[PDB]
Peer 1: 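The structure under discussion is supplied below as structure tokens; questions concerning it will follow.
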Amino acid sequence: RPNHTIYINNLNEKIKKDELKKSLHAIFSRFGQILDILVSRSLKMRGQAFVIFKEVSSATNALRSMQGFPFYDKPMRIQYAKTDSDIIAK
Amino acid sequence: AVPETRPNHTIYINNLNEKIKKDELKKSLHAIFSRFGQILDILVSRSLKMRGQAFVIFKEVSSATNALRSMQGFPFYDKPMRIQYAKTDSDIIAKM
Amino acid sequence: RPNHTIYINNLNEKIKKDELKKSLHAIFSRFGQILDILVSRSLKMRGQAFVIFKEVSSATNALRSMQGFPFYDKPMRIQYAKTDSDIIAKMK
Amino acid sequence: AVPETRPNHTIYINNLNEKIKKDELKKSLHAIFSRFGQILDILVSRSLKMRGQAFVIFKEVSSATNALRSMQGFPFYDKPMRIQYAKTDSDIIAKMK
Amino acid sequence: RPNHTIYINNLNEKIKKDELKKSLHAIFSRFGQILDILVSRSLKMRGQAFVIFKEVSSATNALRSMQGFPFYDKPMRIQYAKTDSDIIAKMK
RNA sequence: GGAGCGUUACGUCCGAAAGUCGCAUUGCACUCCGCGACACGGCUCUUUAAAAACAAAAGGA
RNA sequence: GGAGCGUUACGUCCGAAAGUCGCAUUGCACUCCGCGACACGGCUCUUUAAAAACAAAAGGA
Ligand SMILES: NC(=O)c1ccc[n+]([C@@H]2O[C@H](COP(=O)([O-])OP(=O)(O)OC[C@H]3O[C@@H](n4cnc5c(N)ncnc54)[C@H](O)[C@@H]3O)[C@@H](O)[C@H]2O)c1
Ligand SMILES: NC(=O)c1ccc[n+]([C@@H]2O[C@H](COP(=O)([O-])OP(=O)(O)OC[C@H]3O[C@@H](n4cnc5c(N)ncnc54)[C@H](O)[C@@H]3O)[C@@H](O)[C@H]2O)c1
Ligand SMILES: [Mg+2]
Ligand SMILES: [Mg+2]
Ligand SMILES: [Mg+2]
Ligand SMILES: [Mg+2]
Ligand SMILES: [Mg+2]
Ligand SMILES: [Mg+2]
Ligand SMILES: [Mg+2]
Ligand SMILES: [Mg+2]
Ligand SMILES: [Mg+2]
Ligand SMILES: [Mg+2]
Ligand SMILES: [Mg+2]
Ligand SMILES: [Mg+2]
Ligand SMILES: [Mg+2]
Ligand SMILES: [Mg+2]
Ligand SMILES: [Mg+2]
Ligand SMILES: [Mg+2]
Ligand SMILES: [Mg+2]
Ligand SMILES: [Mg+2]
Ligand SMILES: [Mg+2]
């Protein structure tokens, strides 16, 4: 089920929005160009982040290489997104 | 009882709310009496015999008189102060 | 963005301001003349400090040498400071 | 044939900046040495025999060894510390009288 | 428990051995011939002593007679010696 | 059961102190003293007071 | 009313506005959005932001 966009959860919910975005960007940029990182602190979406890679190539490599990577004292759980993100489908 | 009416360097106060703690009491007495003269000492004990009462020692008898007459019946912690002269000199005053 | 001043954080927040300043001078003086050390225990400054050097050269060496240096049992994190405006703000 | 220096849970520090007040010196020493383990005392004096010198008394000997080895020559108030194991408890007392 | 040797403790540890031994001999000879007195200021024996009587009856008397006696400002605690192996072990 | 150990709250001083609640008290001191009541994990020893450690989810200031 | 002032509990530090704490939440989105809590005597000035004094019957470590 690969996809340009990986779904990360089990993230530390105490981290401020833009710090979290920066810290994810630094730790996932190696894998390729990141189009965007979507983070929301609502009840429904805290602890979660969508990283949008330019290439599925980068996303797949990011998923297994960083699966369980320790991040703000919690191992991050990474799957592919179940749909396409807006930017990837426009 | 007949209040002590001999002018004296020290005024004897009673009918004081004895729920107040020593240091608060002394400190609040010094605030409301400092404008009458130099105060040499304020004596407060919470023992059985001495609670509800305070001694305020002025350097000059005139200060005590004006203090007594101005502050008589003053509401102090919801009780009106009763102020007399001390029946005897305080020791710092007898020394002198 | 290198400049005269380093921003240190992950400092042990249970140390008194006067002692924390003298202890920081003790280890950072080797790098250059310290113009000032800014510490406060306010909610905005607690666990953080600014050290201001006469020369930018000193701040840069201080940053790289003392990165992670354990200090009051905590490895300190060092960055270049932002603008004087940002400093004045976090100190009020 | 050359013998290892005998470990001690107390380290002897010298080449210290003599311009620092003793009280501050103690607290600054604590700040850089507490990382190696529990400190029981730091010994400094204004007396003339203790000039530019200090003892840091650790609970465990392993602490003193790690502290000596890691901080040997560490620049402290613009002066590299010289660190060695303390010799004996009598010697510490004589130096502190 | 009746032994010809008694074990004393709560002795002041700053008295030097010979002195402690002769002082002990004076206050105990009156009960019977003392064959020997064992003192040492090692970790195992500082503050304590064994007194070796020729006869058990000498040691039973000294037990109760001299119990709690004040000695260099401290009350003596006297007991029978448990075993000859304990005595020899304490003195090694 | 009993006793010793007062180490610990930010981190100090206390815990035979202190604060609080309830009575009682209108009282002339210079030194201070009316009752009564109201917390504490754990360690050690066993009518003995020694030893060496130790908690803020347990009391005061 | 407004603004500035953070001095005070044993006696030290702290004392919101885009921040903090507590509880709940493992949730697949691309138009904000769970619930609860954040005390405080007084002083000074009058849209200025300065000045120099100050409380534990008022919050936190
Ligand atoms: N860890 C420690 O070092 C330590 C030390 C003391 C107390 N504590 C804690 O305190 C609790 C109670 O202390 P305790 O175990 O000593 O019990 P406790 O204080 O009741 O015992 C004290 C002893 O002194 C006597 N006593 C009682 N009141 C007295 C008074 N006003 N004046 C003189 N003597 C009096 C009692 O008869 C008792 O034998 C313990 O359970 C423990 O939690 C801990
Ligand atoms: N003596 C002094 O030097 C001094 C100085 C400052 C404060 N104080 C004390 O503090 C009290 C309050 O200080 P102030 O008058 O400067 O208060 P303030 O100007 O901080 O505002 C008062 C109240 O507004 C509330 N508040 C803050 N941010 C908020 C937000 N985003 N949304 C809703 N409410 C918010 C806070 O609860 C605060 O207590 C004073 O009455 C005084 O008792 C004393
Ligand atoms: Mg009032
Ligand atoms: Mg019990
Ligand atoms: Mg008990
Ligand atoms: Mg006790
Ligand atoms: Mg603490
Ligand atoms: Mg009592
Ligand atoms: Mg009680
Ligand atoms: Mg107990
Ligand atoms: Mg425990
Ligand atoms: Mg109580
Ligand atoms: Mg108090
Ligand atoms: Mg008005
Ligand atoms: Mg403040
Ligand atoms: Mg204190
Ligand atoms: Mg006070
Ligand atoms: Mg809104
Ligand atoms: Mg909210
Ligand atoms: Mg608060
Ligand atoms: Mg805290």
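Protein chains get the first letters and strands the later ones, always in sequence-line order, with residue 1 at the start of each. Basis for what follows: all heavy atoms, side chains included, without hydrogens, waters or symmetry-related copies.
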Peer 1: I'd like to check the salt bridge (charged side-chain N to carboxylate O under 4.0 Å, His left out) partners of D:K27; sequence neighbours left out, ordered by chain and number.
Peer 2: none
Peer 1: Is F:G34 stacked on its strand neighbour F:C33 by the under 5.5 Å, under 30° ring test?
Peer 2: no
Peer 1: Mind checking whether A:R77 and A:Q67 have side chains closer than 4.5 Å, heavy atoms only?
Peer 2: yes
Peer 1: Please convert RNA chain G into dot-bracket. A pair counts if it is Watson-Crick or G-U wobble with both distances under 3.5 Å; crossing pairs go in [ ] and bases paired with another strand get |.
Peer 2: ((((((...||[[[....(((((..........))))).).)))))............]]]
Peer 1: Taking only heavy atoms on the protein side, list every residue of residues 40-69 of chain B lying under 4.0 Å from any atom of RNA chain G, sorted numerically.
Peer 2: none
Peer 1: Given the rule that positive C1'-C2'-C3'-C4' is north and negative is south, which one is G:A58?
Peer 2: north
Peer 1: Do C:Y72 and C:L20 have side chains that get closer than 4.5 Å, going by heavy atoms?
Peer 2: yes
Peer 1: I'd like to check B:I13 versus B:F76 (side-chain heavy atoms, cut-off strictly below 4.5 Å). Are they in contact?
Peer 2: no
Peer 1: Where do C:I87 and C:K82 come nearest, in terms of heavy atoms and distance?
Peer 2: CD1-O, 4.3 Å
Peer 1: Give a yes or no on whether C:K92 atom NZ has more than 12 heavy-atom contacts from other residues, nucleotides or ligands under 6.0 Å away.
Peer 2: yes
Peer 1: Expressed as a whole number of Å, how far does the P atom of F:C14 sit from that of F:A3?
Peer 2: 24 Å
Peer 1: Is there a donor and acceptor pair, one atom on the side chain of B:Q84 and one on the base of F:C28, closer than 3.5 Å?
Peer 2: yes
Peer 1: Looking at the six-ring of each base, are F:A17 and F:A18 less than 5.5 angstrom apart at the centres and less than 30 degrees apart in plane?
Peer 2: yes
Peer 1: Between G:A16 and G:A39, how far apart are the two P atoms, rounded to whole Å?
Peer 2: 10 Å
Peer 1: Can you tell me if F:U20 puckers north or south, using the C1'-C2'-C3'-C4' torsion sign?
Peer 2: north
Peer 1: Roughly how many Å apart are F:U7 and G:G15, using the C1' atom of each and rounding to a whole number?
Peer 2: 32 Å
Peer 1: With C1'-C2'-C3'-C4' as the criterion (positive north, negative south), name the sugar pucker of F:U46.
Peer 2: south
Peer 1: Within the 4.0 Å heavy-atom criterion, would you say B:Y77 contacts the bases, only the backbone, or no part of the nucleic acid?
Peer 2: nothing
Peer 1: Rounded at 0.5 Å granularity, tell me how far CD in B:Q84 sits from OG1 in B:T5.
Peer 2: 9.0 Å
Peer 1: Using a strict heavy-atom distance below 4.0 Å, which residues from residues 2-22 of chain A are in contact with RNA chain G?
Peer 2: A:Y7, A:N9, A:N10, A:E13, A:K16
Peer 1: Could D:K26 and D:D41 be called an ion pair, given the rule that one side-chain N must be under 4.0 Å from one carboxylate O?
Peer 2: yes
Peer 1: Show every donor-acceptor pair shorter than 3.5 Å between a side-chain atom in residues 40-53 of chain A and any protein atom, with sequence neighbours excluded, or say none if there are none.
Peer 2:
{"from": "A:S40", "atom 1": "OG", "to": "A:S42", "atom 2": "N", "distance (Å)": "3.3"}
{"from": "A:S40", "atom 1": "OG", "to": "A:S42", "atom 2": "OG", "distance (Å)": "3.3"}
{"from": "A:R41", "atom 1": "NE", "to": "A:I15", "atom 2": "O", "distance (Å)": "3.3"}
{"from": "A:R41", "atom 1": "NH2", "to": "A:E13", "atom 2": "O", "distance (Å)": "3.1"}
{"from": "A:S42", "atom 1": "OG", "to": "A:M45", "atom 2": "N", "distance (Å)": "3.3"}
{"from": "A:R46", "atom 1": "NE", "to": "A:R41", "atom 2": "O", "distance (Å)": "3.2"}
{"from": "A:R46", "atom 1": "NE", "to": "A:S42", "atom 2": "O", "distance (Å)": "3.1"}
{"from": "A:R46", "atom 1": "NH2", "to": "A:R41", "atom 2": "O", "distance (Å)": "3.0"}
{"from": "A:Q48", "atom 1": "OE1", "to": "A:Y7", "atom 2": "OH", "distance (Å)": "2.4"}
{"from": "A:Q48", "atom 1": "NE2", "to": "A:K44", "atom 2": "O", "distance (Å)": "3.0"}
{"from": "A:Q48", "atom 1": "NE2", "to": "A:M45", "atom 2": "O", "distance (Å)": "3.4"}
{"from": "A:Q48", "atom 1": "NE2", "to": "A:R46", "atom 2": "O", "distance (Å)": "2.9"}

Peer 1: Please measure how far the P atom in G:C13 lies from the corresponding atom in G:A9, and state the result in whole Å.
Peer 2: 10 Å
Peer 1: Picking from G:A29, F:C28, G:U26, which would you name as closest to the side chain of B:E4?
Peer 2: F:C28
Peer 1: If you measure from the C1' atom in F:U31 to the same atom in F:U25, how many Å do you get, rounded?
Peer 2: 22 Å
Peer 1: Closest to the A:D86 side chain: G:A29, F:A29, G:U31?
Peer 2: G:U31
Peer 1: With the thresholds 5.5 Å for ring-centre distance and 30 degrees for plane angle, say whether the bases of G:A57 and G:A58 stack.
Peer 2: no
Peer 1: Using the P atom as the reference point in each nucleotide, state the distance between G:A56 and F:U20 in Å, no decimals.
Peer 2: 14 Å
Peer 1: Quick one: do G:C30 and G:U31 stack, meaning six-ring centroids under 5.5 Å and planes under 30°?
Peer 2: no
Peer 1: Could you work out the separation of G:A58 and G:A51 based on their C1' atoms and round it to a whole Å?
Peer 2: 26 Å
Peer 1: Only counting residues at least two apart or in another chain, list the ones meeting side chain to side chain donor-acceptor pair (under 3.5 Å) with C:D86.
Peer 2: C:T83
Peer 1: Does a donor on one side chain and an acceptor on the other come within less than 3.5 Å for E:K74 and E:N10?
Peer 2: yes
Peer 1: Send over the distance from C:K90 NZ to G:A18 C1', rounded to a whole Å.
Peer 2: 13 Å
Peer 1: Determine the minimum heavy-atom distance between D:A31 and C:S23, stating which atoms define it.
Peer 2: CB-OG, 3.9 Å
Peer 1: Read from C1'-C2'-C3'-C4', is the pucker at F:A29 north or south?
Peer 2: north
Peer 1: Does G:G6 stack on G:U7, meaning their six-ring centres are under 5.5 Å apart and the planes differ by under 30°?
Peer 2: no
Peer 1: What's A:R1 touching, base or sugar-phosphate or nothing? Going by heavy atoms closer than 4.0 Å.
Peer 2: base
Peer 1: May I ask you to test the E:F31-E:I6 pair for a side-chain heavy-atom distance under 4.5 Å?
Peer 2: no
Peer 1: Could you check F:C28 and say if its sugar is north or south from the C1'-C2'-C3'-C4' sign?
Peer 2: south
Peer 1: Please measure how far the P atom in G:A52 lies from the corresponding atom in G:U44, and state the result in whole Å.
Peer 2: 15 Å
Peer 1: I need the NZ-P distance between C:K92 and G:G4, as an integer number of Å.
Peer 2: 15 Å
